[PDB]
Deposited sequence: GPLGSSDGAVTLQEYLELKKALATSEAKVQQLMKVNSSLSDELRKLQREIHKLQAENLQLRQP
(Lines of atoms letter the chains of each structure in order from A and count residues from 1; the text may use other names and numbers.)
(Lines give C-alpha, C1' and ligand atoms only; values in the text may rest on other atoms or scores of the structure.)
Protein backbone atom coordinates (compact mmCIF):
# COMPACT_ATOMS: atom_id res chain seq x y z
CA UNK A 1 0.00 0.00 0.00
CA UNK A 2 0.88 3.72 0.22
CA UNK A 3 3.22 5.30 2.79
CA UNK A 4 1.75 7.23 5.70
CA UNK A 5 -0.23 12.63 0.59
CA UNK A 6 -2.05 10.73 -2.21
CA UNK A 7 -5.61 9.81 -3.18
CA UNK A 8 -5.49 6.71 -0.90
CA UNK A 9 -3.92 7.06 2.53
CA UNK A 10 -2.18 4.24 4.40
CA UNK A 11 -4.97 4.43 7.00
CA UNK A 12 -7.64 3.93 4.29
CA UNK A 13 -5.71 1.02 2.86
CA UNK A 14 -5.29 -0.68 6.25
CA UNK A 15 -8.96 -0.12 7.18
CA UNK A 16 -10.05 -1.71 3.90
CA UNK A 17 -7.77 -4.73 4.37
CA UNK A 18 -9.20 -5.20 7.85
CA UNK A 19 -12.79 -4.88 6.59
CA UNK A 20 -12.06 -7.57 3.98
CA UNK A 21 -10.41 -9.84 6.58
CA UNK A 22 -13.44 -9.33 8.87
CA UNK A 23 -15.84 -10.21 6.05
CA UNK A 24 -13.83 -13.29 5.07
CA UNK A 25 -13.75 -14.43 8.70
CA UNK A 26 -17.55 -14.05 8.85
CA UNK A 27 -17.92 -16.17 5.69
CA UNK A 28 -15.79 -18.89 7.31
CA UNK A 29 -17.80 -18.75 10.54
CA UNK A 30 -21.10 -18.89 8.60
CA UNK A 31 -19.88 -21.95 6.74
CA UNK A 32 -18.89 -23.67 10.00
CA UNK A 33 -22.20 -22.91 11.71
CA UNK A 34 -24.21 -23.87 8.59
CA UNK A 35 -22.38 -27.25 8.50
CA UNK A 36 -23.25 -27.85 12.15
CA UNK A 37 -26.89 -26.88 11.55
CA UNK A 38 -27.06 -29.14 8.49
CA UNK A 39 -25.91 -32.12 10.58
CA UNK A 40 -28.51 -31.20 13.26
CA UNK A 41 -31.21 -31.07 10.57
CA UNK A 42 -30.61 -34.71 9.69
CA UNK A 43 -30.77 -35.75 13.37
CA UNK A 44 -34.08 -33.99 13.91
CA UNK A 45 -35.50 -35.50 10.73
CA UNK A 46 -34.57 -38.94 12.05
CA UNK A 47 -36.37 -38.16 15.33
CA UNK A 48 -39.52 -37.46 13.28
CA UNK A 49 -39.03 -40.85 11.52
CA UNK A 50 -38.84 -42.50 14.93
CA UNK A 51 -41.96 -40.80 16.30
CA UNK A 52 -43.96 -41.14 13.07
CA UNK A 53 -43.40 -44.91 13.13
CA UNK A 54 -44.56 -45.01 16.78
CA UNK A 55 -47.59 -42.85 15.96
CA UNK A 56 -48.66 -45.13 13.12
CA UNK A 57 -48.33 -48.28 15.27
CA UNK A 58 -50.34 -46.65 18.10
CA UNK A 59 -53.14 -45.72 15.66
CA UNK A 60 -53.39 -49.22 14.22
CA UNK A 61 -56.47 -50.73 15.91
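J.: If a residue lacks a C-alpha atom here, it counts as unmodelled; so which stretches of the deposited sequence fall into that category?
T.: That stretch is 5-6, the only one.
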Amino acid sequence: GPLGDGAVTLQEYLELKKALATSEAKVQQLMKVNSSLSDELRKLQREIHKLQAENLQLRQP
From here on, numbers count along this sequence of modelled residues.
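J.: Taking the mean of the C-alpha B-factors per stretch from the entry, tell me the winner out of 43-51 and 6-14.
T.: Of 6-14 and 43-51, the stretch with the higher C-alpha B-factor average is 6-14.
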